[PDB]
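Participant: Sharing the initial chains of the complex here, in place:
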Amino acid sequence: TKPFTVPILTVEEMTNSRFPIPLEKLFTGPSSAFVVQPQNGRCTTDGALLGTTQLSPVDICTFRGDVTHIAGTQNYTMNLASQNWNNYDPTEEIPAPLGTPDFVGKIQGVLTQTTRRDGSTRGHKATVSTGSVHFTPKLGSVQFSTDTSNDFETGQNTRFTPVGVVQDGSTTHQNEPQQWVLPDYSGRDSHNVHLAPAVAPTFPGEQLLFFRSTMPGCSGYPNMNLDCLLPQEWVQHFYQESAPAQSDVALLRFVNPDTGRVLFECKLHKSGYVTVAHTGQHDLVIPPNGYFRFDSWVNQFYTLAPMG
């Protein structure tokens, strides 16, 4: 058959699939006190995308559409367009538009607008709160708060470029964002739909292995921790390769080129997430040039050597 592979990139060479910044470290911990159900960076080893997951490492947490002012406030409503500027179809069987943020928090960035008749051009600091009742991307509308009350024109193309997250310093530190809480994609009191499955360890002593980045802080004492289940580069890779999963789990070894020895082994489940044999929280310590290597297909019950 066609052979399964993972990219020969370092953790640092790769990119977070849940927000557009690169990866920094591996991290493992216990996933029962919370719900690991991200909609971004979700893909099966045989190349099937899931949830709101899409291919561009850049168009994650971005928004395209036209805007309309909200009287006597500095808020704007954006009517969402598809990524190619085509119309957004809410009937499409997906939790929300592809790339929609998959966590509750206040994402701050910049609304940019280019005015078609004269190629005039403006840019304002803007924030979208995915917890807000006005955050209804699945319905094709989302609400931004803003620098100005007059600047943006109607019927002209508008882009939100995400930058970092934000938090209220008056209150409890690192209270937002909540990374493992999904937004109400369709507004309040309406069910999220077509979600990628929640994940968890299904073997004794195993914990999830997270690919972790630290989101930028515009202001406040945000909790900038952001873990994804698969590096975006892996989503991209699996999608291309579409190599048939031959067994329950793909056994990966993490190798150090420097010494040529294996540092640890892990399970890549065909569902598209990783587990390691370890108990407790741990930021993994790794050779900066170390990479993941696929070794064999093994079943539910292969016992992993411990991580350390």
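Facilitator: Structure's in. What do you need? Numbers count the residues shown, from 1 in each chain, chains lettered A, B, ... in the order given.

Participant: ok, which stretches of the stretch 151-300 of chain A are strands?
Facilitator: A:158-166, A:206-214, A:217-219, A:225-228, A:249-255, A:262-269, A:273-277, A:282-283, A:291-298 (DSSP state E, counting those that start in this stretch).

Participant: got a markdown table for the ones you listed, with distance to residue A:35 and mean neighbour count too?
Facilitator: The C-beta positions use only the backbone N, C-alpha and C, and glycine is treated the same way. Putting the strands of the stretch 151-300 of chain A into a markdown table (distance: least, Cβ to Cβ, whole Å; neighbours: other Cβ atoms under 10 Å) gives the following:
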| stretch | distance to residue A:35 | mean neighbour count |
| --- | --- | --- |
| strand A:158-166 | 19 | 21 |
| strand A:206-214 | 12 | 22 |
| strand A:217-219 | 24 | 15 |
| strand A:225-228 | 13 | 22 |
| strand A:249-255 | 22 | 20 |
| strand A:262-269 | 17 | 20 |
| strand A:273-277 | 13 | 24 |
| strand A:282-283 | 21 | 14 |
| strand A:291-298 | 26 | 16 |
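
Participant: which one of these lies closest to residue A:198?
Facilitator: Checking these against residue A:198 by Cβ to Cβ gives strand A:273-277 as the closest, at 10.3 Å.

Participant: Just want the angle from the closest one to strand A:291-298.
Facilitator: Strand A:273-277 and strand A:291-298 are oriented at 90 degrees to each other (axes from the mean of the first three to the mean of the last three Cα atoms, to 10 degrees).

Participant: list the helices and strands strand A:273-277 packs on?
Facilitator: If you count contacts as 3 or more Cβ pairs under 8 Å, 6 or more residues apart in numbering; DSSP states H and E, strand A:273-277 packs onto strand A:206-214, strand A:262-269.

Participant: so which of the ones you listed comes closest to residue A:129?
Facilitator: Distance to residue A:129, taken as Cβ to Cβ, is lowest for strand A:206-214 among the helices and strands packed on strand A:273-277, at 20.5 Å.

Participant: partner strands of that closest one, parallel or antiparallel?
Facilitator: According to DSSP bridges, strand A:206-214 forms sheet pairs with strand A:25-29 (antiparallel), strand A:225-228 (antiparallel), strand A:273-277 (antiparallel).

Participant: how far out from the middle of the chain is it?
Facilitator: Offset of strand A:206-214 from its chain centre (Cα atoms, centre = their mean, to the nearest Å): 13 Å.

Participant: rewinding a little: any chance of the helices and strands packed on strand A:273-277 in JSON lines, plus distance to residue A:240?
Facilitator: Formatted as JSON lines, those follow (distance: least, Cβ to Cβ, whole Å):
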{"stretch": "strand A:206-214", "distance to residue A:240": "19"}
{"stretch": "strand A:262-269", "distance to residue A:240": "16"}
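
Participant: between the strands paired with strand A:206-214, which gets nearest to residue A:37?
Facilitator: Closest approach to residue A:37 among the strands paired with strand A:206-214 is made by strand A:273-277 (10.8 Å; Cβ to Cβ).

Participant: Mind listing residues that contact the closest one?
Facilitator: A:28, A:199, A:201, A:203, A:205-209, A:229-230, A:252, A:264-269, A:303-307 (Cβ atoms under 8 Å, 6 or more residues apart in numbering).

Participant: try 7 Å this time
Facilitator: Residues outside strand A:273-277 that contact it (Cβ atoms under 7 Å, 6 or more residues apart in numbering) are A:28, A:199, A:201, A:205-209, A:229-230, A:264, A:266-268, A:304-307.

Participant: try stretch A:301-308
Facilitator: Residues outside stretch A:301-308 that contact it (Cβ under 7 Å, 6+ apart): A:206, A:249, A:251, A:264-267, A:276-278.

Participant: Test of understanding: give the bridge partners of the residue nearest to residue A:148 when sequence neighbours are not counted.
Facilitator: Nearest residue to residue A:148, sequence neighbours excluded (Cβ to Cβ, 6 or more residues apart in numbering): residue A:124, at 5.4 Å. Beta-bridge partners recorded for residue A:124 (DSSP bridges): residue A:111.

Participant: need the contact list for residue A:124.
Facilitator: A:110-111, A:146-148, A:151.

Participant: let's bring in chain B now:
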Amino acid sequence: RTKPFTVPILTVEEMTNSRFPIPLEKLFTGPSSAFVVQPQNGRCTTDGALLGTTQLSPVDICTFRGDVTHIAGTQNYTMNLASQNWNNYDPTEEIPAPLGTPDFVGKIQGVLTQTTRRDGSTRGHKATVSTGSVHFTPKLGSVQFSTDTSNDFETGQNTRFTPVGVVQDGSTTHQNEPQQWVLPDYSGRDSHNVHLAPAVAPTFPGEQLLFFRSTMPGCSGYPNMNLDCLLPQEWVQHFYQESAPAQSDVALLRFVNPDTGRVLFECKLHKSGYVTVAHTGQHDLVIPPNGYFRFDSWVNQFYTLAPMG
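Facilitator: That brings us to chain B, laid onto the chains above:
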């Protein structure tokens, strides 16, 4: 012989600009003799060798990491550049500038974000870097930002510039900037740019370069937001991984429309890492949104293409 050469099965829209972190939009072809096509980003050979300031992350293009220091009684800051992993920048490394450094003259506006190690405090201000400025000296490890505030950023604390769009003066001539096909003075005035990826051009009759085009976001004024790269970032990434030996100076590509099955046009992918098509004049290509590039065979300098239309 060897590992077979391939190009990714992505659409233009599925792919990403290699010269600024936004996705591709259209194919465009035109004449490349009135200007110098010598970008340092999205430059890679078909057998996987990165060139110029080209690097792998589609996100870390036109970004800057380092620490900052205020410039007395102005709202400008000087950033002392760090490598991508926050390690120290080595100007002795044989590269035009740090990897991912902007490869065009213009005013790039974004946001400087800073996080205070001790207490996890954060702040973020609107910022602009002008790559034409005499203070834009990335190869020496320093770059200058203009800013929202005069007191906020602390010294010795990690700082990140996240690019957003480009900018221009509305009082001045329109579309006069940025200048996409003009390299910055990577080492300041008074010093030569060094270790550049080669300039490129058509070397066959009737052929023009084929550009992978995006339109950069405009912050304000009337900027010229056109941005063409020679290879989609996804191709750089792909070639780097595959490292498949070029078997010829050129790889013949066909652009196929999958529902129909038919070929829309053919083009030459040169092992040097740029594309040409047989056509004379400017033209935004019109393509089936789900059409993709397909590698067909290795052919030599002199294979005659069939006109694009």
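
Participant: Re-run the earlier check on the contacts of strand A:273-277 with chain B in the model.
Facilitator: A:28, A:199, A:201, A:205-209, A:229-230, A:264, A:266-268, A:304-307 (Cβ atoms under 7 Å, 6 or more residues apart in numbering or on different chains).

Participant: Just list whatever residues bridge to the residue in the stretch 201-308 of chain A that chain B sits nearest to.
Facilitator: Nearest residue of the stretch 201-308 of chain A to chain B (Cβ to the nearest Cβ) works out as residue A:217 at 2.6 Å. When assigned by DSSP bridges, residue A:217 has beta-bridge partners residue A:165.

Participant: just residue A:10 next, same as before
Facilitator: Listed by DSSP bridges, the beta-bridge partners for residue A:10 are residue A:291.

Participant: Next to chain B, which bits of the stretch 201-308 of chain A? Give me the list.
Facilitator: The stretch 201-308 of chain A has residues A:216-222, A:240, A:288 near chain B, with proximity defined as Cβ under 7 Å from any Cβ of the partner chain.

Participant: let's go with 10 Å and repeat that
Facilitator: A:214-224, A:232-233, A:236-237, A:239-240, A:242, A:288 (Cβ under 10 Å from any Cβ of the partner chain).

Participant: Strands along the stretch 1-150 of chain A, start to end?
Facilitator: A:25-29, A:63-69, A:75-80, A:106-115, A:120-129, A:141-146.

Participant: which one of the ones you listed is the most hemmed in?
Facilitator: Most buried of those by mean neighbour count (mean count of other Cβ atoms under 10 Å in any protein chain shown) is strand A:106-115; its value is a mean of 24.

Participant: now that one and strand B:159-167, what's the angle there?
Facilitator: 20 degrees.

Participant: right, is strand A:106-115 up against chain B?
Facilitator: Yes. Counting by Cβ under 10 Å from any Cβ, chain B has neighbours in strand A:106-115: A:108-115.

Participant: Tell me which other helices or strands that strand touches.
Facilitator: strand A:63-69, strand A:120-129, strand A:141-146, strand A:158-166, strand A:217-219, strand B:107-116, strand B:121-130, strand B:159-167 (3 or more Cβ pairs under 10 Å, 6 or more residues apart in numbering or on different chains; DSSP states H and E).

Participant: Repeat the analysis, applying 6 Å as the threshold.
Facilitator: The contact analysis (3 or more Cβ pairs under 6 Å, 6 or more residues apart in numbering or on different chains; DSSP states H and E) places strand A:106-115 against strand A:120-129, strand A:158-166.

Participant: Quick check: closest non-adjacent residue to residue A:55.
Facilitator: residue B:14 (5.3 Å; Cβ to Cβ, 6 or more residues apart in numbering or on different chains).

Participant: between the residues of strand A:106-115 next to chain B, which is nearest chain B?
Facilitator: residue A:112 (3.9 Å).

Participant: and the two most separated of the residues of strand A:106-115 next to chain B?
Facilitator: Spanning the widest gap among the residues of strand A:106-115 next to chain B are A:108 and A:115, at 23.7 Å by Cβ to Cβ.

Participant: Could you pull up the residues touching residue A:249?
Facilitator: Applying Cβ atoms under 6 Å, 6 or more residues apart in numbering or on different chains, we find residue A:249 in contact with A:267, A:269, A:298.

Participant: Same question for residue A:221.
Facilitator: By Cβ under 6 Å, 6+ apart, the residues touching residue A:221 are A:167, A:169, A:173-174, B:120.

Participant: one step back: so among the residues of the stretch 201-308 of chain A next to chain B, which ones count as buried?
Facilitator: Buried members of these, scored by 16 or more other Cβ atoms under 10 Å in any protein chain shown, are A:214-224, A:232-233, A:236-237, A:239-240.

Participant: Residue A:156 against residue A:115, yeah?
Facilitator: Yes. Here residue A:156 reaches residue A:115: they are 5.2 Å apart, a contact under Cβ atoms under 6 Å.

Participant: CA atoms only for stretch A:297-308 - export them in PDB, please.
Facilitator: C-alpha atoms of stretch A:297-308 as PDB (Å, rounded to 0.1, in the frame of the first residue of the first chain):
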ATOM      1  CA  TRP A 297       1.400   0.400  12.800                       C
ATOM      2  CA  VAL A 298       0.500  -1.200  16.200                       C
ATOM      3  CA  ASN A 299      -2.900  -1.800  17.900                       C
ATOM      4  CA  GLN A 300      -4.900  -0.300  20.700                       C
ATOM      5  CA  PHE A 301      -2.800  -2.200  23.200                       C
ATOM      6  CA  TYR A 302       0.900  -1.600  22.400                       C
ATOM      7  CA  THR A 303       2.600  -0.500  25.600                       C
ATOM      8  CA  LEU A 304       4.700   2.600  25.300                       C
ATOM      9  CA  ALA A 305       8.000   2.900  27.100                       C
ATOM     10  CA  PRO A 306       7.800   5.700  29.600                       C
ATOM     11  CA  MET A 307       8.600   9.300  28.700                       C
ATOM     12  CA  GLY A 308      10.600  10.600  31.600                       C
END
